[PDB]
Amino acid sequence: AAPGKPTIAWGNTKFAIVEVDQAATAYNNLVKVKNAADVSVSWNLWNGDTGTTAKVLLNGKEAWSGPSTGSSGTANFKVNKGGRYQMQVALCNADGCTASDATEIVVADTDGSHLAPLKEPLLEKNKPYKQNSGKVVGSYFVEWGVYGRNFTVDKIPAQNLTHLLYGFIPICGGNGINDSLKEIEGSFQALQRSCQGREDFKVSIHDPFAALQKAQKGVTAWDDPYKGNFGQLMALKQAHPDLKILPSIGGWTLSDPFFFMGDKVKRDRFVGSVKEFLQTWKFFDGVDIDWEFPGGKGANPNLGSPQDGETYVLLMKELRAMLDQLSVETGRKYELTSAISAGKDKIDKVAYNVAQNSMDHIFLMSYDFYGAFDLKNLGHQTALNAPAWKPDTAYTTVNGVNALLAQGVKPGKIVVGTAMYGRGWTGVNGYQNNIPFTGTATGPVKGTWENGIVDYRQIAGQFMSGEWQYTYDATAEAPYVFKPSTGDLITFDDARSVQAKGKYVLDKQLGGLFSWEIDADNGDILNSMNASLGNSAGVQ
């Protein structure tokens, strides 16, 4: 007679291809990529003949087989594809095979193939749009926003984006290499712990807790291998397979290492680390370079060289070649983007007409034109155009687009920037014709998280009532709120100035719109990005 029906033993059923060490703080120890997950299964036979061969099947297909030598047994084998499998133990002899009931086993991988889709309700004022204009609709999510800001990946209105970018992936390096980080208390140190034992100029993760271990909606079980922002992003990719999720390297405080990359030894080490990062974290779809900025004038006054332009073009070409190679290895399309200054002084230190051939999108940072870093020369921080009182205004959105176009950049490359935050001043005084921007200021406006800077959500929530004046400047295409009695002045984007940027994008055949940053919107900004580029209301 065929053997008795085996009973799968109680035991761990959750396994991982990319293992995460739960007691590590250095990136090199935290992650271990294997070629296959080590799976184990045990069984008992409570009644009957134990058979002469035992097999483990996944979805009916043999993953292991061995001699059946008594009433219990254990099998250890490898599974090289992530997903959920119906695992059975069968005992066979010449008279037949008898299979256990099925037990599901979970084989995790960083494409999120083991996770349920994270498909959450839109929150606050976000309304559903279809991505059917063919234009870019992008926004950045910030790794550090998950604590006091409390803005986690399940709150991203992800159906309303084509592109979701992650700020920021740091480049390893201590003194002389990441000195701009020393301004943020604990931040430089944090990076050194993350990068212990790791070569400088290789990428890492700045806050491993927030990125991979903090419990978050859908990734709260103790033995869920990937939690934090990265586990949620994986599940978001299951819900939105065509969302592009890109890691952004650099930003204001983590751009110093790019200034050493005219040394091709360092540049190659960087690019190889990016390759390895994307092989490790397969939910990411490419890389976004936010080097602030070729030529200097970013956070560090000691950095910037005339050579930076050439290094930026080389960096992009080599990044492209590495992604082209990763792309054919995997069958996937990978994107290479960059966030760049929109000031013409900085644009022209790079030959974007050459670098564009390696890039899918150029995220023009058409904001921060004015702000509490200058208390004497006030203006609109993110306006489309110059205002009527100063038609020669250098830093406007149109001027940054025009500088790119004059180099020979194709319009379709250029993605226009919208701010989901205002910048502002306090104590504004000495201005003419009731235009507060002609005045000067005594210091920064009180910010939401940091001085001089205010989330759009709080502009709309707190500063559009009471004594606050609201004006929309129709020449510049820019809103501003002014509190006459303290002289608080705040310059922002709103639904209408965004609509002006979107129409402009459509009129000039540009590539679309992107925003910084997604936690600061209440829905009005991304709603207008979508509507102004001609995306249809509703869901597909």
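Start at 1 with the first residue shown and count on from there.
Averaged over their C-alpha atoms, the temperature factors of 54-62 and 501-509 are higher for 501-509. In this crystal structure, the stretch out of 265-273 and 423-431 whose C-alpha atoms carry the higher mean B factor is 423-431.
When the C-alpha B-factors of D223, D207, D285, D392 are ranked from the entry, the top spot goes to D392.
Looking only at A26, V31, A495, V41, the residue with the top Cα B factor in the deposited structure is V31. For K125, the recorded CA temperature factor ranks within the middle third of the chain's modelled residues.
In the PDB entry, a CA B factor belonging to the lowest third of its chain's modelled residues is recorded for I8. The deposited CA B-factor of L303 belongs to the highest third of values across its chain.
Annotation for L314: CA B-factor lies in the middle third of the chain's modelled residues. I245: CA B factor lies in the lowest third for its chain, per the PDB record.
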